[PDB]
Amino acid sequence: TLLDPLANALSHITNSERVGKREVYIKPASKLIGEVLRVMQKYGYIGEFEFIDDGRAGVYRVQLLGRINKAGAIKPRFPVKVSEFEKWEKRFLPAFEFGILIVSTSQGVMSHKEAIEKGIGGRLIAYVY
Amino acid sequence: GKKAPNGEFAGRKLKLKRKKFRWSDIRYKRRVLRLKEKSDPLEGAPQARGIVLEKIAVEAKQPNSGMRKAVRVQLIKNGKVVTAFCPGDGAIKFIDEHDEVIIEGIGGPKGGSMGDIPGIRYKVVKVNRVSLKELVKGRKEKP
Amino acid sequence: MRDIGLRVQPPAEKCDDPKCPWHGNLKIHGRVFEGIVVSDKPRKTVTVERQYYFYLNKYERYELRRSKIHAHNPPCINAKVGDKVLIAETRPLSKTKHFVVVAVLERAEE
Amino acid sequence: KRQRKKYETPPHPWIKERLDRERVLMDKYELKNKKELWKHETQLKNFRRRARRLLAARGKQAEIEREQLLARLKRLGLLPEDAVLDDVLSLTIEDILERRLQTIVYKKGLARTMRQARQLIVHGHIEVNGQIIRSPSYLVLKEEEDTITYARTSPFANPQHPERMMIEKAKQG
Amino acid sequence: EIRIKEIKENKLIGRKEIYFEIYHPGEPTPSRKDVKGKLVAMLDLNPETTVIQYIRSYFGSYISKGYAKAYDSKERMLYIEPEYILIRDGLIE
Amino acid sequence: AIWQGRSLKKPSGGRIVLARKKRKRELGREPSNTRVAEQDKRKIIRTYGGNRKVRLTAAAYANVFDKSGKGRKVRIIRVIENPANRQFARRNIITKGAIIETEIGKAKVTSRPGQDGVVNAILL
Amino acid sequence: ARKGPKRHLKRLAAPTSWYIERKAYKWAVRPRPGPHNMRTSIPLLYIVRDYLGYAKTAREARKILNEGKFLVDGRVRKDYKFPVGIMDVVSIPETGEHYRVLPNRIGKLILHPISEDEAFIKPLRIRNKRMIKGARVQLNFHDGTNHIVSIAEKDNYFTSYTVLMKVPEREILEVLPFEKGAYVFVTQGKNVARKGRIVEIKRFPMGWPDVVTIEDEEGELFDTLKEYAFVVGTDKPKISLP
RNA sequence: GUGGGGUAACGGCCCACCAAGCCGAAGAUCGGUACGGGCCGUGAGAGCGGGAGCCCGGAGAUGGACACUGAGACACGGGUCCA
RNA sequence: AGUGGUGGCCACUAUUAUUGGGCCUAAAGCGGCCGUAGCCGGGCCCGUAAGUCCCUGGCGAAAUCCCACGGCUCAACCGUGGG
């Protein structure tokens with residue numbers, strides 16, 4: 001059973017990247033997935049991404065630019081304050097500011113760097129680098 | 001499969017699993033039950049005082065060959081009798097029947113028997129409040 | 001009607017009972033909690049229950065914890081099983097009773 | 001509570017590289033024991049840990065602590081007046097050992113050999129800012145460095161002390 | 001050579017506290033009598049009403065720290081001051 | 001000893017091992033048991049904190065009050081009904097709330113004779 | 001086990017508001033009961049010995065106190081265990097020196113030197129009001145002192161109002177009400193040793209004190225409890241304040 | 001739960017009457033262990049182990065039981081009984 | 001001016017694995033299946049704001065921790081100020 005669309009999507013993205021496929025289709029096109037896809041695109045990991053009206057859940061189509069070493073979902077959604085970033089960031093980014101974490105906060109799903117700039121906590125949802 | 005549980009709200013099963021499989025360790029199990037403290041003839045004493053009962057030669061384990069001298073000692077602290085090695089060369093002459101000896105551990109693995117000598121656990125340190133190391137060296141003299 | 005220093009509405013009925021917060025002689029002081037009545041067998045009594053999530057530091061996970069509180073049910077309110085109620089602290093009513101119901105925020109039928 | 005040693009023993013005592021490096025340092029600077037060297041290295045590690053922790057900290061307290069650390073390090077003379085938080089990781093033990101009382105007085109040419117400097121300091125012939133100090137392991141601040149001179153009542157205040165002309169000749173030679 | 005660094009007058013008690021340095025380079029620590037006789041000169045005090053509490057010799061320091069008092073009447077020390085310090089200063093047998 | 005301390009069984013019914021010997025502040029005193037006789041007999045007991053309580057042991061009179069609020073000192077013929085216990089009224093023991101037959105009629109006691117040292121009742 | 005009240009005081013457990021070296025000796029003066037709490041007061045002996053340096057030893061301080069040269073709110077206090085608290089006036093007529101005891105921004109007690117004119121006036125908060133036989137009103141203040149007034153005058157005083165008492169003869173001079181815009185000093189809390197103007201009086205149900213919002217001289221807004229707000233003036237403070 | 005006794009005082013603390021409640025696998029009762037915390041040792045950290053000089057709180061004065069005086073005691077250098 | 005012998009705790013040890021262990025042949029998958037509790041759960045929109053995140057008031061004794069400065073010759077120790 002599909003317990004989670006987001007982790008499956010990120011696993012698919014990484015496995016597609018490793019072989020080197022050009023286009024990736026994400027089957028359970030959820031809103032949180034779309035907000036997620038916006039993020040690393042804003043940071044240049046991917047190119048244009050589009051939604052497709054399939055009539056079941058829609059499908060998210062993305063093209064791969066060969067710039068994603070590994071992407072996954074921090075599953076137990078640990079709540080994190082503003083100061084506790086380096087603790088979790090040391091756990092999921094290979095080096096200092098290498099890659100980005102994604103946080104669901106009061107102001108939306110959005111990048112951990114900008115959250116530090118906004119100085120707002122939230123719940124980690126996924127990591128990619 | 002994947003390691004479980006992993007949910008945000010499964011602290012209880014994680015803690016219970018860890019407690020359950022911590023007992024399978026032997027070090028922690030020994031410490032909590034204080035089994036050594038129940039089994040120790042020294043009752044936790046690194047050093048103890050006893051009275052020599054007799055002198056025995058024991059054969060070293062193969063392939064080594066040798067006749068290791070040692071003394072049986074009746075413990076003043078609790079009365080239990082234990083065998084203690086006599087270090088040094090020819091030290092057994094200095095030791096005599098009904099001698100107040102002070103023994104400690106021998107230092108084998110897990111505090112057990114050391115080297116090729118099996119079963120022994122302790123070595124004689126002092127005799128009649130004079131140390132065996134000097135007596136074998138001869139610097140001091142037994143009373 | 002007499003105000004208890006807490007922001008709810010009184011029960012319409014007036015009970016002669018001297019232990020009613022709105023119709024008795026006792027008073028209110030201390031903490032106020034929201035709970036669910038899960039036992040009403042003892043007379044003028046309820047065994048409210050309160051749930052919460054207690055954090056753990058070693059595992060960084062939450063644990064579900066339930067706390068029972070024996071509270072005094074006045075006859076005017078007459079809380080029953082499954083009713084979300086507001087419970088407040090009083091002087092020691094009994095060996096286990098140190099609380100009284102203030103109102104019934106949600107009845108069982110809803 | 002009990003007090004604790006201010007120096008950290010090496011993790012393994014018989015590594016050839018560390019042995020030889022410490023031996024070279026010992027012979028050059030002529031300390032009495034490796035205890036002094038280990039104390040100085042522990043001081044170095046303390047400063048480096050403070051720099052590490054501060055470099056990754058954001059907040060007013062972090063800024064104040066950073067400024068204070070740089071101020072003290074400059075006070076010791078271990079850093080230039082335009083130093084930053086980066087080069088502090090590049091400090092070595094030799095920077096500290098150069099700042100020792102014995103090393104400074106010997107570099108001030110009051111001793112033919114730094115062992116003789118140690119004797120002079122011990123016997124109270126060397127005063128710092130007009131105050132004596134009998135610990136050669138004492139660390140000398142930059143400000144103190146110009147006030148280091150012979151003890152007034154000691155014979156070495158006499159220019160005619162028989163060892164004094166030998167000292168000054170070896171300095172000249 | 002005596003250099004005073006503080007002279008506090010305790011109007012409640014009626015005493016002048018005296019805190020001072022003594023320069024004795026290359027010399028032993030001066031005796032109580034000598035410092036008292038030197039101190040009384042440039043401050044014009046009565047020796048009987050003046051008492052020197054302590055003379056501490058800092059390690060490796062040729063300047064010694066000294067603390068003394070100078071009251072107004074002969075009864076104040078007897079009523080107030082510890083009996084032992086006068087015995088040290090000899091004002092009591 | 002009359003020890004007013006913790007219950008030796010937990011709320012769950014688990015027995016408890018007392019951790020300390022009984023303190024002096026925690027002991028109670030004996031039942032006063034005010035009896036019906038022809039004269040007043042009382043003891044003024046020194047209490048904790050140096051204060052006093054006037055304890056009535058034998059009762060002869062009572063203050064009966066009409067609902068208008070006038071008080072009348074009167075005698076007590078006997079005790080009618082004691083809701084606290086069936087034994088008290090049988091043996092002529094007066095407490096608060098019991099009903100007393102006096103010359104005026106029936107009165108209900110709103111005073112605690114063991115504590116207040118007096119008897120006050122409202123006419124019925 | 002302990003069988004009665006403590007009488008001694010170990011120097012380590014002393015109130016944090018005292019400028020006392022804590023490891024110097026084992027013992028410290030347990031203050032006697034008095035106008036304030038230990039959290040809000042210090043023994044007078046520490047004032048004489050440490051803070052003022054008038055007496056080096058405790059015995060000299062005790063003798064000076066026996067001489068009766070120290071006036072607390074214009075009263076001789078020979079008890080060297082006498083606790084002196086906040087807004088108290090300490091006076092030395094022999095030196096003519098007048099100080100007020102005030103908290104610090106760190107949360108310790110200090111002596112603010114004042115003029116002679118300001119020594120006869122002590123501002124006292126009104127902690128409570130009560131009715132006493134004879135139909136009289138008893139105002140109970142912050143320092144434990146009490147004042148009696150008639151039933152008629154009752155409406156000129158209210159809880160948390162600040163009365164400028166004349167302690168040399170115990171005469172009321174003025175009443176500062178606890179209303180918006182009143183100038184206030186802070187006694188405790190993180191905002192201790194701050195002074196400003198009231199903006200809001202937030203009531204709260206369920207049993208919490210009225211949190212007051214105070215604007216600072218520079219406009220900074222902060223919050224404190226009603227119990228810590230001490231009205232010092234109407235639009236400017238009426239007493240010198242660090 | 002009702003009505004009382006008792007207390008400095010609420011309270012089954014205790015009594016009389018009425019009812020059958022109360023806790024439990026989210027581990028009760030029972031058993032072992034042990035004064036608790038401030039802290040301390042160790043480790044890069046996560047964490048692991050001890051309750052120690054000292055501070056705060058508790059309790060004991062050869063074991064068990066009880067009372068007077070006193071604001072404060074069931075009282076280590078006070079009182080009575082049993083072992 | 002210390003240096004060895006013995007005993008205990010931590011590290012060594014990812015041989016306790018939340019970070020971060022394994023389970024085909026090395027110790028370890030229940031013989032299989034159903035299912036209660038527990039745990040984990042499809043997408044979109046409206047609502048509450050309990051958890052959550054930010055701000056803010058009281059509070060978490062002192063000593064002990066870390067830091068700068070100052071006193072004992074430096075240090076150990078102690079005071080001042082910050083965390």
# chains A, B, ... in the order shown; residues from 1 in each chain; ligands from 1
call {"tool": "residues_around", "arguments": {"residues": "residue 20 in chain H", "least_positions_apart": "4", "cutoff": "12 Å", "atoms": "only C-alpha atoms (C1' of nucleotides)", "output": "count of residues only"}}
result
4
call {"tool": "interface_residues", "arguments": {"of": "chain C", "to": "chain B", "cutoff": "10 Å", "atoms": "only C-alpha atoms", "output": "ChimeraX atom specification"}}
result
/C:53-64
call {"tool": "write_last_selection", "arguments": {"atoms": "N, CA and C atoms", "output": "PDB file, in the first residue's frame"}}
result
ATOM      1  N   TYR C  53       0.851  13.815  24.919  1.00  0.00           N
ATOM      2  CA  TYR C  53       2.017  13.261  24.244  1.00  0.00           C
ATOM      3  C   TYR C  53       3.268  13.719  24.972  1.00  0.00           C
ATOM      4  N   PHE C  54       3.960  12.777  25.598  1.00  0.00           N
ATOM      5  CA  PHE C  54       5.175  13.056  26.345  1.00  0.00           C
ATOM      6  C   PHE C  54       6.378  12.775  25.459  1.00  0.00           C
ATOM      7  N   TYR C  55       7.299  13.724  25.404  1.00  0.00           N
ATOM      8  CA  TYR C  55       8.457  13.598  24.538  1.00  0.00           C
ATOM      9  C   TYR C  55       9.517  12.716  25.185  1.00  0.00           C
ATOM     10  N   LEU C  56      10.309  12.054  24.344  1.00  0.00           N
ATOM     11  CA  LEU C  56      11.478  11.304  24.775  1.00  0.00           C
ATOM     12  C   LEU C  56      12.711  11.890  24.106  1.00  0.00           C
ATOM     13  N   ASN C  57      13.818  11.932  24.843  1.00  0.00           N
ATOM     14  CA  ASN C  57      15.034  12.544  24.328  1.00  0.00           C
ATOM     15  C   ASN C  57      15.954  11.548  23.646  1.00  0.00           C
ATOM     16  N   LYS C  58      16.047  10.323  24.158  1.00  0.00           N
ATOM     17  CA  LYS C  58      16.940   9.353  23.540  1.00  0.00           C
ATOM     18  C   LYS C  58      16.480   9.004  22.134  1.00  0.00           C
ATOM     19  N   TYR C  59      15.180   8.789  21.948  1.00  0.00           N
ATOM     20  CA  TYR C  59      14.638   8.375  20.662  1.00  0.00           C
ATOM     21  C   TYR C  59      14.023   9.516  19.866  1.00  0.00           C
ATOM     22  N   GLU C  60      13.794  10.670  20.483  1.00  0.00           N
ATOM     23  CA  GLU C  60      13.165  11.800  19.808  1.00  0.00           C
ATOM     24  C   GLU C  60      11.784  11.430  19.279  1.00  0.00           C
ATOM     25  N   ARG C  61      11.032  10.665  20.066  1.00  0.00           N
ATOM     26  CA  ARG C  61       9.680  10.258  19.721  1.00  0.00           C
ATOM     27  C   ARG C  61       8.731  10.613  20.856  1.00  0.00           C
ATOM     28  N   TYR C  62       7.448  10.659  20.528  1.00  0.00           N
ATOM     29  CA  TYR C  62       6.407  10.960  21.494  1.00  0.00           C
ATOM     30  C   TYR C  62       5.712   9.683  21.936  1.00  0.00           C
ATOM     31  N   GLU C  63       5.265   9.685  23.187  1.00  0.00           N
ATOM     32  CA  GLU C  63       4.584   8.555  23.798  1.00  0.00           C
ATOM     33  C   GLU C  63       3.223   9.022  24.280  1.00  0.00           C
ATOM     34  N   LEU C  64       2.203   8.200  24.067  1.00  0.00           N
ATOM     35  CA  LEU C  64       0.856   8.540  24.499  1.00  0.00           C
ATOM     36  C   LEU C  64       0.708   8.194  25.974  1.00  0.00           C
TER      37      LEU C  64
END
call {"tool": "residues_around", "arguments": {"residues": "residue 53 in chain E", "least_positions_apart": "4", "cutoff": "8 Å", "atoms": "only C-alpha atoms (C1' of nucleotides)", "output": "JSON, numbers by chain"}}
result
{"E": [66, 67, 68, 69, 85]}
call {"tool": "closest_atom_pairs", "arguments": {"of": "chain G", "to": "chain I", "cutoff": "7 Å", "atoms": "only C-alpha atoms (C1' of nucleotides)", "output": "JSON lines"}}
result
{"residue": "G:12", "atom": "CA", "partner": "I:62", "partner_atom": "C1'", "distance": 5.4}
{"residue": "G:13", "atom": "CA", "partner": "I:62", "partner_atom": "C1'", "distance": 5.2}
{"residue": "G:223", "atom": "CA", "partner": "I:57", "partner_atom": "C1'", "distance": 6.1}
{"residue": "G:224", "atom": "CA", "partner": "I:57", "partner_atom": "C1'", "distance": 6.1}
call {"tool": "select_by_dssp", "arguments": {"residues": "range 3-143 of chain B", "states": "strand (DSSP E)", "output": "ChimeraX atom specification"}}
result
/B:47-59,67-75,81-85,100-105,122-127,130-131
call {"tool": "atom_distance", "arguments": {"atom1": "CA of residue 65 in chain B", "atom2": "CA of residue 115 in chain B"}}
result
12.4 Å
call {"tool": "interface_residues", "arguments": {"of": "chain I", "to": "chain C", "cutoff": "12 Å", "atoms": "only C-alpha atoms (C1' of nucleotides)", "output": "ChimeraX atom specification"}}
result
/I:18-19,38-39,50-51
call {"tool": "write_last_selection", "arguments": {"atoms": "N, CA and C atoms (P, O5', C5', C4', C3', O3' and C1' of nucleotides)", "output": "PDB file, in the first residue's frame"}}
result
ATOM      1  P     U I  18      18.320   2.053  17.989  1.00  0.00           P
ATOM      2  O5'   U I  18      17.854   3.523  17.591  1.00  0.00           O
ATOM      3  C5'   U I  18      16.860   3.726  16.599  1.00  0.00           C
ATOM      4  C4'   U I  18      16.690   5.188  16.272  1.00  0.00           C
ATOM      5  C3'   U I  18      17.828   5.836  15.502  1.00  0.00           C
ATOM      6  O3'   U I  18      17.717   5.620  14.109  1.00  0.00           O
ATOM      7  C1'   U I  18      17.155   7.235  17.302  1.00  0.00           C
ATOM      8  P     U I  19      18.951   5.038  13.269  1.00  0.00           P
ATOM      9  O5'   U I  19      19.995   6.238  13.233  1.00  0.00           O
ATOM     10  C5'   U I  19      19.779   7.360  12.393  1.00  0.00           C
ATOM     11  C4'   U I  19      20.672   8.514  12.769  1.00  0.00           C
ATOM     12  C3'   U I  19      22.167   8.255  12.683  1.00  0.00           C
ATOM     13  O3'   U I  19      22.658   8.474  11.373  1.00  0.00           O
ATOM     14  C1'   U I  19      21.646   9.267  14.761  1.00  0.00           C
ATOM     15  P     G I  38      -5.751   1.266  19.953  1.00  0.00           P
ATOM     16  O5'   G I  38      -4.163   1.186  19.866  1.00  0.00           O
ATOM     17  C5'   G I  38      -3.361   1.379  21.021  1.00  0.00           C
ATOM     18  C4'   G I  38      -1.934   0.955  20.786  1.00  0.00           C
ATOM     19  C3'   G I  38      -1.249   1.579  19.585  1.00  0.00           C
ATOM     20  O3'   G I  38      -0.756   2.877  19.861  1.00  0.00           O
ATOM     21  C1'   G I  38      -0.895  -0.746  19.551  1.00  0.00           C
ATOM     22  P     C I  39      -1.066   4.095  18.864  1.00  0.00           P
ATOM     23  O5'   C I  39       0.030   3.936  17.726  1.00  0.00           O
ATOM     24  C5'   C I  39       1.405   3.892  18.062  1.00  0.00           C
ATOM     25  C4'   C I  39       2.206   3.195  16.997  1.00  0.00           C
ATOM     26  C3'   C I  39       2.105   3.794  15.609  1.00  0.00           C
ATOM     27  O3'   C I  39       2.962   4.906  15.439  1.00  0.00           O
ATOM     28  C1'   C I  39       1.820   1.457  15.479  1.00  0.00           C
ATOM     29  P     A I  50      -4.762  25.672  20.317  1.00  0.00           P
ATOM     30  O5'   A I  50      -5.268  24.174  20.493  1.00  0.00           O
ATOM     31  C5'   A I  50      -5.347  23.575  21.777  1.00  0.00           C
ATOM     32  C4'   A I  50      -4.913  22.133  21.732  1.00  0.00           C
ATOM     33  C3'   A I  50      -3.501  21.892  21.225  1.00  0.00           C
ATOM     34  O3'   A I  50      -2.518  22.073  22.229  1.00  0.00           O
ATOM     35  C1'   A I  50      -4.976  20.483  20.065  1.00  0.00           C
ATOM     36  P     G I  51      -1.161  22.873  21.912  1.00  0.00           P
ATOM     37  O5'   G I  51      -0.236  21.778  21.229  1.00  0.00           O
ATOM     38  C5'   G I  51      -0.002  20.538  21.870  1.00  0.00           C
ATOM     39  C4'   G I  51       0.524  19.516  20.900  1.00  0.00           C
ATOM     40  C3'   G I  51       1.782  19.911  20.145  1.00  0.00           C
ATOM     41  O3'   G I  51       2.963  19.715  20.898  1.00  0.00           O
ATOM     42  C1'   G I  51       0.200  19.041  18.628  1.00  0.00           C
TER      43        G I  51
END
call {"tool": "select_by_dssp", "arguments": {"residues": "range 44-128 of chain A", "states": "helix (DSSP H, G or I)", "output": "ChimeraX atom specification"}}
result
/A:85-92,112-118
call {"tool": "interface_residues", "arguments": {"of": "chain C", "to": "chain H", "cutoff": "7 Å", "atoms": "only C-alpha atoms (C1' of nucleotides)", "output": "list in words"}}
result
residues 42, 43, 65, 91, 92, 93, 94 and 95 of chain C
call {"tool": "residues_around", "arguments": {"residues": "range 59-62 of chain B", "least_positions_apart": "5", "cutoff": "8 Å", "atoms": "only C-alpha atoms (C1' of nucleotides)", "output": "number ranges by chain"}}
result
B: 67-68, 116-118
call {"tool": "write_last_selection", "arguments": {"atoms": "N, CA, C and O atoms", "output": "mmCIF file, in the first residue's frame"}}
result
data_model
loop_
_atom_site.group_PDB
_atom_site.id
_atom_site.type_symbol
_atom_site.label_atom_id
_atom_site.label_comp_id
_atom_site.auth_asym_id
_atom_site.auth_seq_id
_atom_site.Cartn_x
_atom_site.Cartn_y
_atom_site.Cartn_z
ATOM 1 N N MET B 67 56.284 -26.861 36.394
ATOM 2 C CA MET B 67 55.696 -27.226 37.674
ATOM 3 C C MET B 67 55.530 -25.918 38.439
ATOM 4 O O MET B 67 56.487 -25.438 39.054
ATOM 5 N N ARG B 68 54.334 -25.332 38.407
ATOM 6 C CA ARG B 68 54.109 -24.026 39.012
ATOM 7 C C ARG B 68 53.741 -24.195 40.478
ATOM 8 O O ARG B 68 52.813 -24.936 40.808
ATOM 9 N N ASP B 116 49.477 -19.730 30.838
ATOM 10 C CA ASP B 116 49.274 -21.160 30.666
ATOM 11 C C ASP B 116 48.757 -21.851 31.919
ATOM 12 O O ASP B 116 48.267 -22.980 31.823
ATOM 13 N N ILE B 117 48.847 -21.214 33.082
ATOM 14 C CA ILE B 117 48.399 -21.851 34.317
ATOM 15 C C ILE B 117 46.874 -21.798 34.340
ATOM 16 O O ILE B 117 46.305 -20.700 34.290
ATOM 17 N N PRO B 118 46.167 -22.928 34.389
ATOM 18 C CA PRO B 118 44.706 -22.883 34.427
ATOM 19 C C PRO B 118 44.161 -22.960 35.845
ATOM 20 O O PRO B 118 44.792 -23.489 36.762
#
call {"tool": "interface_residues", "arguments": {"of": "chain D", "to": "chain H", "cutoff": "12 Å", "atoms": "only C-alpha atoms (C1' of nucleotides)", "output": "count of residues only"}}
result
5
call {"tool": "residues_around", "arguments": {"residues": "residue 168 in chain G", "least_positions_apart": "3", "cutoff": "10 Å", "atoms": "only C-alpha atoms (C1' of nucleotides)", "output": "number ranges by chain"}}
result
G: 73-75, 119-122, 165, 171
call {"tool": "atom_distance", "arguments": {"atom1": "CA of residue 91 in chain F", "atom2": "CA of residue 35 in chain F"}}
result
8.2 Å
